[PDB]
file start_36.tsv (TSV, C-alpha atoms)
chain	number	residue	atom	x	y	z
A	1	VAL	CA	-14.13	2.32	-30.49
A	2	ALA	CA	-11.34	1.38	-32.91
A	3	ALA	CA	-8.87	3.87	-31.42
A	4	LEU	CA	-9.64	2.16	-28.11
A	5	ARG	CA	-8.76	-1.41	-29.12
A	6	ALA	CA	-6.34	-0.63	-31.97
A	7	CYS	CA	-3.64	1.34	-30.12
A	8	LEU	CA	-3.34	-1.05	-27.10
A	9	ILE	CA	-2.35	-3.79	-29.53
A	10	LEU	CA	0.87	-1.79	-29.27
A	11	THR	CA	0.49	-1.11	-25.52
A	12	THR	CA	0.39	-4.78	-24.54
A	13	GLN	CA	2.89	-5.86	-27.23
A	14	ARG	CA	5.33	-2.95	-26.72
A	15	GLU	CA	8.52	-3.49	-28.72
A	16	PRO	CA	11.99	-1.96	-28.22
A	17	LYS	CA	14.91	-0.83	-28.88
A	18	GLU	CA	15.28	-1.07	-32.60
A	19	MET	CA	13.74	2.05	-34.16
A	20	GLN	CA	14.97	5.39	-32.83
A	21	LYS	CA	12.85	7.52	-35.17
A	22	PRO	CA	9.79	5.32	-35.65
A	23	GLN	CA	8.91	4.34	-32.06
A	24	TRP	CA	9.13	7.98	-30.98
A	25	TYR	CA	6.58	8.47	-33.76
A	26	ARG	CA	4.73	5.37	-32.54
A	27	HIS	CA	4.50	6.76	-28.99
A	28	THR	CA	2.89	10.04	-30.06
A	29	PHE	CA	-0.21	8.48	-31.75
A	30	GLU	CA	-0.83	6.45	-28.61
A	31	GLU	CA	-0.73	9.66	-26.57
A	32	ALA	CA	-2.15	11.64	-29.52
A	33	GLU	CA	-5.58	10.02	-29.33
A	34	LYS	CA	-5.90	10.64	-25.59
A	35	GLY	CA	-6.38	14.44	-25.93
A	36	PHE	CA	-9.95	14.32	-27.09
A	37	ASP	CA	-13.41	12.97	-26.30
A	38	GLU	CA	-13.41	9.32	-25.21
A	39	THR	CA	-13.00	9.42	-21.44
A	40	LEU	CA	-11.51	5.92	-21.63
A	41	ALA	CA	-8.87	6.85	-24.19
A	42	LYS	CA	-8.32	9.94	-22.09
A	43	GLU	CA	-7.23	7.39	-19.48
A	44	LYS	CA	-6.06	4.67	-21.88
A	45	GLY	CA	-3.51	6.10	-24.27
A	46	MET	CA	-0.72	7.71	-22.22
A	47	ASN	CA	-0.70	5.04	-19.57
A	48	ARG	CA	2.33	2.86	-20.19
A	49	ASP	CA	5.16	5.27	-20.54
A	50	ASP	CA	5.28	4.73	-17.52
A	51	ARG	CA	8.63	3.65	-19.05
A	52	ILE	CA	9.55	5.65	-20.99
A	53	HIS	CA	9.90	9.38	-20.56
A	54	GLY	CA	7.08	11.06	-22.61
A	55	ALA	CA	9.19	14.22	-22.29
A	56	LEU	CA	8.87	15.33	-25.95
A	57	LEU	CA	7.26	18.72	-26.46
A	58	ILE	CA	3.99	17.46	-28.00
A	59	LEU	CA	3.21	14.77	-25.36
A	60	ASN	CA	3.94	17.48	-22.82
A	61	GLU	CA	0.47	18.69	-23.76
A	62	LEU	CA	-0.76	15.10	-23.50
A	63	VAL	CA	0.91	15.35	-20.12
A	64	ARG	CA	-0.44	18.91	-19.73
A	65	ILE	CA	-4.00	18.25	-20.95
A	66	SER	CA	-4.05	15.06	-18.89
A	67	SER	CA	-2.31	16.75	-16.07
A	68	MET	CA	-4.61	19.78	-16.61
A	69	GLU	CA	-8.16	19.41	-15.29
A	70	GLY	CA	-8.11	16.48	-15.66
A	71	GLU	CA	-11.78	15.56	-15.36
A	72	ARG	CA	-12.59	13.95	-17.41
A	73	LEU	CA	-11.73	11.07	-17.94
A	74	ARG	CA	-14.17	9.64	-15.41
A	75	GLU	CA	-14.62	8.44	-11.84
A	76	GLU	CA	-13.10	4.97	-12.17
A	77	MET	CA	-10.68	6.31	-14.80
A	78	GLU	CA	-9.55	8.99	-12.34
A	79	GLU	CA	-7.94	6.02	-10.62
A	80	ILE	CA	-5.43	5.61	-13.47
A	81	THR	CA	-5.35	9.39	-13.86
A	82	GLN	CA	-4.67	9.59	-10.11
A	83	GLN	CA	-1.17	8.27	-10.77
A	84	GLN	CA	-1.06	9.45	-14.42
A	85	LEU	CA	-0.01	12.82	-13.01
A	86	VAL	CA	3.67	12.43	-13.67
A	87	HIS	CA	6.63	12.72	-11.29
A	88	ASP	CA	8.37	14.79	-10.41
A	89	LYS	CA	9.51	16.93	-13.33
A	90	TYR	CA	6.10	18.63	-13.54
A	91	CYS	CA	5.73	21.06	-10.65
A	92	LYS	CA	2.57	22.81	-11.81
A	93	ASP	CA	0.91	19.85	-13.57
A	94	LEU	CA	0.82	18.06	-10.18
A	95	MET	CA	-0.14	20.54	-7.46
A	96	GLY	CA	-2.70	22.35	-9.63
A	97	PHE	CA	-4.41	18.94	-10.10
A	98	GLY	CA	-4.37	17.94	-6.42
A	99	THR	CA	-7.62	19.85	-5.84
A	100	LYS	CA	-9.64	17.87	-8.39
A	101	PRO	CA	-8.74	14.37	-7.20
A	102	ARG	CA	-9.36	15.92	-3.78
A	103	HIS	CA	-12.50	17.62	-5.10
A	104	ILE	CA	-13.67	14.09	-5.68
A	105	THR	CA	-12.95	13.87	-1.94
A	106	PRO	CA	-14.23	17.34	-0.99
A	107	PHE	CA	-17.73	16.74	-2.31
A	108	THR	CA	-20.33	14.41	-3.85
A	109	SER	CA	-19.09	11.38	-5.86
A	110	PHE	CA	-19.25	8.99	-2.91
A	111	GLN	CA	-16.90	6.69	-4.79
A	112	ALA	CA	-14.50	9.36	-6.03
A	113	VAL	CA	-14.75	10.47	-2.44
A	114	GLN	CA	-13.91	7.02	-1.22
A	115	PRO	CA	-11.85	5.93	-4.24
A	116	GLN	CA	-9.23	8.39	-5.09
A	117	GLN	CA	-6.89	9.46	-2.24
A	118	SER	CA	-5.49	5.92	-2.19
A	119	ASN	CA	-3.44	7.43	-5.04
A	120	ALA	CA	-0.76	9.97	-4.08
A	121	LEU	CA	-0.25	8.97	-1.25
A	122	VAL	CA	3.26	9.42	-2.64
A	123	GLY	CA	3.46	12.05	-3.69
A	124	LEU	CA	2.83	14.71	-1.07
A	125	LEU	CA	0.18	17.18	-2.24
A	126	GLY	CA	1.21	20.00	0.11
A	127	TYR	CA	-1.65	22.34	-0.82
A	128	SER	CA	-3.52	23.38	2.31
A	129	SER	CA	-7.08	22.39	1.37
A	130	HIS	CA	-5.46	19.41	-0.35
A	131	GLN	CA	-3.45	18.70	2.78
A	132	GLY	CA	-6.80	19.25	4.45
A	133	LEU	CA	-8.22	17.29	1.54
A	134	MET	CA	-6.51	14.44	3.27
A	135	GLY	CA	-7.88	16.15	6.38
A	136	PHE	CA	-11.54	16.48	5.36
A	137	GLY	CA	-12.06	12.68	5.27
A	138	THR	CA	-10.50	11.64	8.64
A	139	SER	CA	-13.88	12.67	10.04
A	140	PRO	CA	-15.70	10.70	7.29
A	141	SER	CA	-14.52	8.71	9.28
A	142	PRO	CA	-15.20	5.58	7.26
A	143	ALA	CA	-18.27	3.40	6.98
A	144	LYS	CA	-19.76	1.01	4.48
A	145	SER	CA	-17.30	-1.46	3.03
A	146	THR	CA	-15.70	1.34	0.99
A	147	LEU	CA	-12.93	1.24	3.60
A	148	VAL	CA	-10.65	-0.27	0.94
A	149	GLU	CA	-11.10	3.03	-0.85
A	150	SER	CA	-10.46	5.32	2.16
A	151	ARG	CA	-8.89	3.80	5.25
A	152	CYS	CA	-5.73	2.89	3.27
A	153	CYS	CA	-5.78	6.51	2.10
A	154	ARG	CA	-5.50	8.12	5.50
A	155	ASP	CA	-1.95	7.04	6.22
A	156	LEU	CA	-0.20	7.65	2.95
A	157	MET	CA	-2.73	10.41	2.36
A	158	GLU	CA	-0.66	12.24	4.95
A	159	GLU	CA	2.15	14.57	3.97
A	160	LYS	CA	5.17	15.73	5.94
A	161	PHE	CA	6.23	17.51	7.93
A	162	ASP	CA	3.83	20.44	7.86
A	163	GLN	CA	1.57	19.40	10.71
A	164	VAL	CA	0.05	16.37	12.42
A	165	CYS	CA	-3.24	18.00	13.43
A	166	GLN	CA	-4.17	17.02	9.88
A	167	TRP	CA	-2.24	13.75	10.40
A	168	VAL	CA	-2.94	12.55	13.97
A	169	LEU	CA	-6.67	13.19	13.52
A	170	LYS	CA	-6.73	9.58	12.36
A	171	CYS	CA	-5.30	8.67	15.75
A	172	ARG	CA	-8.18	10.65	17.22
A	173	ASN	CA	-10.72	9.76	14.55
A	174	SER	CA	-9.73	6.79	12.39
A	175	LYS	CA	-9.43	4.84	15.62
A	176	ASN	CA	-13.19	5.00	15.98
A	177	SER	CA	-14.48	3.18	12.86
A	178	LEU	CA	-12.10	0.20	12.67
A	179	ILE	CA	-12.64	-1.60	16.04
A	180	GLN	CA	-16.35	-1.92	15.16
A	181	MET	CA	-16.91	-4.85	12.78
A	182	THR	CA	-15.53	-4.54	9.24
A	183	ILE	CA	-13.05	-7.36	9.94
A	184	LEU	CA	-10.77	-7.31	6.88
A	185	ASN	CA	-11.03	-3.54	7.24
A	186	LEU	CA	-9.15	-3.19	10.54
A	187	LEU	CA	-6.24	-3.77	8.24
A	188	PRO	CA	-7.12	-0.67	6.29
A	189	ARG	CA	-6.76	1.85	9.11
A	190	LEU	CA	-4.26	0.00	11.26
A	191	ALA	CA	-1.86	-1.41	8.63
A	192	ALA	CA	-1.34	2.15	7.40
A	193	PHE	CA	1.03	4.60	9.02
A	194	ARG	CA	3.03	2.31	9.09
A	195	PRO	CA	5.61	5.03	8.64
A	196	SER	CA	4.78	6.67	10.80
A	197	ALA	CA	3.14	7.04	14.24
A	198	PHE	CA	0.58	4.17	14.21
A	199	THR	CA	0.77	3.62	17.91
A	200	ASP	CA	-0.86	6.63	19.54
A	201	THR	CA	-3.36	7.25	22.28
A	202	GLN	CA	-6.42	5.72	20.64
A	203	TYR	CA	-4.68	3.87	17.82
A	204	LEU	CA	-2.44	1.74	19.97
A	205	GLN	CA	-5.66	1.14	21.91
A	206	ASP	CA	-6.85	-0.44	18.68
A	207	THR	CA	-3.49	-2.12	18.31
A	208	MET	CA	-5.31	-4.19	20.89
A	209	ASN	CA	-8.48	-4.32	18.79
A	210	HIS	CA	-6.65	-4.71	15.51
A	211	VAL	CA	-4.84	-7.55	17.32
A	212	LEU	CA	-8.12	-8.66	18.91
A	213	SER	CA	-9.03	-9.38	15.27
A	214	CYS	CA	-6.75	-12.42	15.43
A	215	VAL	CA	-8.96	-15.49	15.21
A	216	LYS	CA	-7.27	-18.74	14.38
A	217	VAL	CA	-7.06	-16.31	4.34
A	218	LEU	CA	-8.52	-14.26	7.17
A	219	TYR	CA	-7.48	-16.92	9.69
A	220	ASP	CA	-4.14	-16.89	7.84
A	221	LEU	CA	-3.67	-13.28	6.73
A	222	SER	CA	-4.94	-11.43	9.81
A	223	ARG	CA	-2.42	-13.37	11.91
A	224	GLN	CA	0.69	-12.11	10.14
A	225	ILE	CA	-0.67	-9.25	8.03
A	226	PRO	CA	-1.68	-7.60	11.30
A	227	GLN	CA	1.93	-7.81	12.41
A	228	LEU	CA	2.55	-5.24	9.71
A	229	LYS	CA	0.58	-2.79	11.85
A	230	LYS	CA	2.84	-4.11	14.54
A	231	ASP	CA	4.58	-0.80	14.82
A	232	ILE	CA	6.82	1.32	17.03
A	233	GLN	CA	7.32	1.87	19.79
A	234	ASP	CA	4.41	2.16	22.19
A	235	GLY	CA	3.07	-1.29	23.05
A	236	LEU	CA	5.52	-4.05	23.91
A	237	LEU	CA	2.61	-6.00	25.41
A	238	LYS	CA	0.32	-6.71	22.44
A	239	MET	CA	3.22	-7.86	20.32
A	240	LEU	CA	3.49	-10.63	22.99
A	241	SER	CA	-0.08	-11.90	22.46
A	242	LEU	CA	0.93	-11.19	18.87
A	243	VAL	CA	3.90	-13.38	19.74
A	244	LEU	CA	1.41	-15.79	21.36
A	245	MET	CA	-1.37	-15.50	18.75
A	246	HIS	CA	1.44	-15.25	16.25
A	247	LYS	CA	2.98	-18.57	17.38
A	248	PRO	CA	-0.22	-20.22	18.51
A	249	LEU	CA	-1.49	-20.48	14.89
A	250	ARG	CA	2.07	-20.61	13.54
A	251	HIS	CA	2.82	-23.86	15.34
A	252	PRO	CA	-0.45	-25.14	13.89
A	253	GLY	CA	-0.74	-25.97	10.20
A	254	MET	CA	-0.53	-23.48	7.32
A	255	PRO	CA	3.15	-22.67	7.63
A	256	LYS	CA	2.37	-20.01	5.04
A	257	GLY	CA	1.19	-18.29	8.18
A	258	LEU	CA	4.91	-18.32	9.03
A	259	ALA	CA	5.67	-17.33	5.44
A	260	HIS	CA	4.35	-13.97	6.61
A	261	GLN	CA	4.62	-14.67	10.36
A	262	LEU	CA	8.39	-15.26	10.30
A	263	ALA	CA	9.31	-12.16	8.15
A	264	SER	CA	7.58	-10.34	10.92
A	265	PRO	CA	9.39	-10.65	14.24
A	266	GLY	CA	12.03	-9.86	12.87
A	267	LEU	CA	11.46	-6.98	15.29
A	268	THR	CA	11.00	-8.29	17.91
A	269	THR	CA	10.93	-10.48	21.00
A	270	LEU	CA	10.23	-13.78	19.38
A	271	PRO	CA	13.78	-15.10	19.81
A	272	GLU	CA	13.41	-15.31	23.57
A	273	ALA	CA	14.50	-18.36	25.54
A	274	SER	CA	10.88	-19.48	25.13
A	275	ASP	CA	11.45	-19.30	21.39
A	276	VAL	CA	14.89	-20.57	22.12
A	277	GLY	CA	12.52	-23.26	23.14
A	278	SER	CA	9.68	-22.73	20.70
A	279	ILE	CA	11.09	-21.01	17.62
A	280	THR	CA	14.01	-23.31	17.98
A	281	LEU	CA	11.31	-25.99	18.19
A	282	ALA	CA	10.04	-24.11	15.13
A	283	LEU	CA	13.50	-23.99	13.55
A	284	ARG	CA	14.07	-27.57	14.75
A	285	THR	CA	11.29	-28.56	12.32
A	286	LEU	CA	13.07	-27.06	10.33
A	287	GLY	CA	10.58	-26.12	7.70
A	288	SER	CA	8.52	-26.32	5.85
A	289	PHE	CA	10.72	-27.04	2.88
A	290	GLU	CA	10.05	-24.78	-0.09
A	291	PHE	CA	12.56	-22.68	-1.93
A	292	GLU	CA	11.53	-19.05	-1.80
A	293	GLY	CA	10.66	-20.20	1.70
A	294	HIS	CA	14.09	-21.80	2.08
A	295	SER	CA	15.28	-18.32	1.19
A	296	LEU	CA	12.40	-16.79	3.16
A	297	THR	CA	13.92	-18.64	6.05
A	298	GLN	CA	17.29	-17.07	5.25
A	299	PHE	CA	15.41	-13.89	4.41
A	300	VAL	CA	14.54	-14.06	8.08
A	301	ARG	CA	17.08	-16.40	9.55
A	302	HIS	CA	18.68	-14.83	12.58
A	303	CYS	CA	21.17	-15.52	15.33
A	304	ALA	CA	23.03	-15.23	17.73
A	305	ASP	CA	20.68	-17.54	19.57
A	306	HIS	CA	22.66	-20.60	18.53
A	307	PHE	CA	25.23	-22.09	16.35
A	308	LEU	CA	22.68	-24.88	15.93
A	309	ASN	CA	20.01	-22.40	14.86

call {"tool": "encode", "arguments": {"input": "start_36.tsv", "output": "structure tokens"}}
result
Amino acid sequence: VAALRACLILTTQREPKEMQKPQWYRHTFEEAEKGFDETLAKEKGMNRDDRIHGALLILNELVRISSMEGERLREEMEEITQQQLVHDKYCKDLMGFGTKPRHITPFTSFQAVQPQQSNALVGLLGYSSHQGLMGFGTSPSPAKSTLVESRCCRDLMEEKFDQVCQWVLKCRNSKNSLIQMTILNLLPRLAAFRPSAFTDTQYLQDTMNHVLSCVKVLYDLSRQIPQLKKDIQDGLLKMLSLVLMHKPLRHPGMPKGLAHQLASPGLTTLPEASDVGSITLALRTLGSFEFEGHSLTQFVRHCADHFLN
């Protein structure tokens, strides 16, 4: 596989601006060796660019051919391919593809089922069975440690605004699999949508159980990272045990808890008189003292609670 290791010597080393004529003729042969055989180099050789355009007429076909079927490529290479479908100038080379990455979803290929819809997810894919291709899986619903491949799909898998019967199904369905075990997973449903709607009938119910996850890394991340799924507007309550089990481990060690626990809340309800006691007692610490953190303080730092604050 010379064409596999020879061309990326340019991909990793990419040089600019100097040559106007030559680099344009150096970008083609990268792309040029994607269009045949070699599933890997079908996924390898267009990739970067990704800055810059690729818009010349010949790499259009390298765009076309590798926005065409596109399988294959491969299963794991369809991951790169998943976002190799360019944006947005190609209208047909995107939506015509959306079936195949969703055909990975629609049938067989338990990985390409689980794997792929985590990709676009921005953008859209407004085709009905492809819309419903984000709507076939919500009843998967998700088992088996592959959650990283699917549950983070479901949210950004959604489109807008067409309809939420293929969106809120998660709220009806994706609220089943997460509360049961799969601990780092209850991130993967609940930290997603997240713009928008996370709190709904069953899925603010799990805003309890996603917050019930909090056990004082997992005992670092789940504290704050589950205040990402802290979301609007339904439950004011749980944010309070998420203010309590936010500031119970916060006031303990690992102030990198606060590195993600402070930039949350920030919306809301921490800076109460109690945190005019306690977060003042937290900002009376004042630290810890580290620079991004020093800025991460100011990234957060609020008022009007005090001059002294």

call {"tool": "atom_distance", "arguments": {"input": "start_36.tsv", "atom1": "atom CA of residue 195 of chain A", "atom2": "atom CA of residue 275 of chain A"}}
result
28.1 Å

call {"tool": "atom_distance", "arguments": {"input": "start_36.tsv", "atom1": "atom CA of residue 271 of chain A", "atom2": "atom CA of residue 248 of chain A"}}
result
15.0 Å

call {"tool": "residues_near_point", "arguments": {"input": "start_36.tsv", "point": "(-11.4, -5.8, 16.6)", "cutoff": "9 Å", "atoms": "all atoms listed in the file", "output": "ChimeraX atom specification"}}
result
/A:178-183,186,206-214

call {"tool": "closest_residue", "arguments": {"input": "start_36.tsv", "among": "A:78, A:220, A:93, A:61", "to": "residue 44 of chain A", "atoms": "all atoms listed in the file"}}
result
A:78

call {"tool": "residues_around", "arguments": {"input": "start_36.tsv", "residues": "residue 141 of chain A", "least_positions_apart": "6", "cutoff": "7 Å", "atoms": "all atoms listed in the file", "output": "list in words"}}
result
residues 173, 174 and 177 of chain A

call {"tool": "residues_around", "arguments": {"input": "start_36.tsv", "residues": "segment 20-37 of chain A", "least_positions_apart": "2", "cutoff": "7 Å", "atoms": "all atoms listed in the file", "output": "list in words"}}
result
residues 7, 18, 39, 41, 42, 45, 46, 59, 62 and 65 of chain A

call {"tool": "atom_distance", "arguments": {"input": "start_36.tsv", "atom1": "atom CA of residue 237 of chain A", "atom2": "atom CA of residue 298 of chain A"}}
result
27.3 Å

call {"tool": "closest_residue", "arguments": {"input": "start_36.tsv", "among": "A:184, A:121, A:192, A:258", "to": "residue 170 of chain A", "atoms": "only C-alpha atoms"}}
result
A:192

call {"tool": "residues_near_point", "arguments": {"input": "start_36.tsv", "point": "(-6.4, 10.5, -3.7)", "cutoff": "9 Å", "atoms": "all atoms listed in the file", "output": "PDB file with C-alpha atoms, keeping the file's coordinate frame"}}
result
ATOM      1  CA  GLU A  79      -7.940   6.020 -10.620  1.00  0.00           C
ATOM      2  CA  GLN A  82      -4.670   9.590 -10.110  1.00  0.00           C
ATOM      3  CA  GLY A  98      -4.370  17.940  -6.420  1.00  0.00           C
ATOM      4  CA  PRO A 101      -8.740  14.370  -7.200  1.00  0.00           C
ATOM      5  CA  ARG A 102      -9.360  15.920  -3.780  1.00  0.00           C
ATOM      6  CA  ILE A 104     -13.670  14.090  -5.680  1.00  0.00           C
ATOM      7  CA  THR A 105     -12.950  13.870  -1.940  1.00  0.00           C
ATOM      8  CA  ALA A 112     -14.500   9.360  -6.030  1.00  0.00           C
ATOM      9  CA  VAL A 113     -14.750  10.470  -2.440  1.00  0.00           C
ATOM     10  CA  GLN A 114     -13.910   7.020  -1.220  1.00  0.00           C
ATOM     11  CA  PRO A 115     -11.850   5.930  -4.240  1.00  0.00           C
ATOM     12  CA  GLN A 116      -9.230   8.390  -5.090  1.00  0.00           C
ATOM     13  CA  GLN A 117      -6.890   9.460  -2.240  1.00  0.00           C
ATOM     14  CA  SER A 118      -5.490   5.920  -2.190  1.00  0.00           C
ATOM     15  CA  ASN A 119      -3.440   7.430  -5.040  1.00  0.00           C
ATOM     16  CA  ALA A 120      -0.760   9.970  -4.080  1.00  0.00           C
ATOM     17  CA  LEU A 121      -0.250   8.970  -1.250  1.00  0.00           C
ATOM     18  CA  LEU A 133      -8.220  17.290   1.540  1.00  0.00           C
ATOM     19  CA  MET A 134      -6.510  14.440   3.270  1.00  0.00           C
ATOM     20  CA  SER A 150     -10.460   5.320   2.160  1.00  0.00           C
ATOM     21  CA  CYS A 153      -5.780   6.510   2.100  1.00  0.00           C
ATOM     22  CA  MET A 157      -2.730  10.410   2.360  1.00  0.00           C
TER      23      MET A 157
END

call {"tool": "closest_residue", "arguments": {"input": "start_36.tsv", "among": "A:100, A:53, A:130, A:172", "to": "residue 73 of chain A", "atoms": "all atoms listed in the file"}}
result
A:100

call {"tool": "residues_around", "arguments": {"input": "start_36.tsv", "residues": "residue 252 of chain A", "least_positions_apart": "4", "cutoff": "12 Å", "atoms": "only C-alpha atoms", "output": "PyMOL selection string"}}
result
chain A and resi 216+219-220+245-248+256-258+282

call {"tool": "write_last_selection", "arguments": {"input": "start_36.tsv", "atoms": "C-alpha atoms", "output": "PDB file, in the frame of the given file"}}
result
ATOM      1  CA  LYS A 216      -7.270 -18.740  14.380  1.00  0.00           C
ATOM      2  CA  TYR A 219      -7.480 -16.920   9.690  1.00  0.00           C
ATOM      3  CA  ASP A 220      -4.140 -16.890   7.840  1.00  0.00           C
ATOM      4  CA  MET A 245      -1.370 -15.500  18.750  1.00  0.00           C
ATOM      5  CA  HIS A 246       1.440 -15.250  16.250  1.00  0.00           C
ATOM      6  CA  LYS A 247       2.980 -18.570  17.380  1.00  0.00           C
ATOM      7  CA  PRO A 248      -0.220 -20.220  18.510  1.00  0.00           C
ATOM      8  CA  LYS A 256       2.370 -20.010   5.040  1.00  0.00           C
ATOM      9  CA  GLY A 257       1.190 -18.290   8.180  1.00  0.00           C
ATOM     10  CA  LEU A 258       4.910 -18.320   9.030  1.00  0.00           C
ATOM     11  CA  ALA A 282      10.040 -24.110  15.130  1.00  0.00           C
TER      12      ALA A 282
END

call {"tool": "decode", "arguments": {"input": "start_36.tsv", "residues": "segment 90-102 of chain A", "atoms": "N, CA and C atoms", "output": "PDB file, in the first residue's frame"}}
result
ATOM      1  N   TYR A  90     -23.020  21.138  -1.911  1.00  0.00           N
ATOM      2  CA  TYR A  90     -23.584  19.986  -2.606  1.00  0.00           C
ATOM      3  C   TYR A  90     -24.962  19.692  -2.030  1.00  0.00           C
ATOM      4  N   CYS A  91     -26.001  19.967  -2.815  1.00  0.00           N
ATOM      5  CA  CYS A  91     -27.355  19.619  -2.439  1.00  0.00           C
ATOM      6  C   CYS A  91     -27.676  18.157  -2.672  1.00  0.00           C
ATOM      7  N   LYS A  92     -27.333  17.657  -3.863  1.00  0.00           N
ATOM      8  CA  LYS A  92     -27.656  16.277  -4.212  1.00  0.00           C
ATOM      9  C   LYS A  92     -26.675  15.290  -3.592  1.00  0.00           C
ATOM     10  N   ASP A  93     -25.384  15.620  -3.581  1.00  0.00           N
ATOM     11  CA  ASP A  93     -24.364  14.731  -3.041  1.00  0.00           C
ATOM     12  C   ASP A  93     -24.480  14.514  -1.537  1.00  0.00           C
ATOM     13  N   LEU A  94     -25.384  15.229  -0.864  1.00  0.00           N
ATOM     14  CA  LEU A  94     -25.672  14.977   0.545  1.00  0.00           C
ATOM     15  C   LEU A  94     -26.922  14.122   0.726  1.00  0.00           C
ATOM     16  N   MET A  95     -28.080  14.649   0.314  1.00  0.00           N
ATOM     17  CA  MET A  95     -29.353  14.009   0.628  1.00  0.00           C
ATOM     18  C   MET A  95     -29.480  12.653  -0.059  1.00  0.00           C
ATOM     19  N   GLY A  96     -28.937  12.509  -1.269  1.00  0.00           N
ATOM     20  CA  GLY A  96     -28.942  11.203  -1.922  1.00  0.00           C
ATOM     21  C   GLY A  96     -28.150  10.159  -1.140  1.00  0.00           C
ATOM     22  N   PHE A  97     -27.122  10.579  -0.404  1.00  0.00           N
ATOM     23  CA  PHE A  97     -26.311   9.712   0.443  1.00  0.00           C
ATOM     24  C   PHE A  97     -27.015   9.305   1.731  1.00  0.00           C
ATOM     25  N   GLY A  98     -27.861  10.180   2.272  1.00  0.00           N
ATOM     26  CA  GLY A  98     -28.365  10.040   3.634  1.00  0.00           C
ATOM     27  C   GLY A  98     -29.005   8.676   3.866  1.00  0.00           C
ATOM     28  N   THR A  99     -29.486   8.037   2.800  1.00  0.00           N
ATOM     29  CA  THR A  99     -30.065   6.704   2.922  1.00  0.00           C
ATOM     30  C   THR A  99     -29.016   5.666   3.293  1.00  0.00           C
ATOM     31  N   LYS A 100     -27.817   5.760   2.713  1.00  0.00           N
ATOM     32  CA  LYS A 100     -26.835   4.688   2.864  1.00  0.00           C
ATOM     33  C   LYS A 100     -26.210   4.677   4.254  1.00  0.00           C
ATOM     34  N   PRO A 101     -25.775   5.833   4.755  1.00  0.00           N
ATOM     35  CA  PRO A 101     -25.379   5.902   6.157  1.00  0.00           C
ATOM     36  C   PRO A 101     -26.545   5.536   7.064  1.00  0.00           C
ATOM     37  N   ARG A 102     -27.772   5.847   6.639  1.00  0.00           N
ATOM     38  CA  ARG A 102     -28.953   5.380   7.362  1.00  0.00           C
ATOM     39  C   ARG A 102     -29.380   3.980   6.944  1.00  0.00           C
TER      40      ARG A 102
END
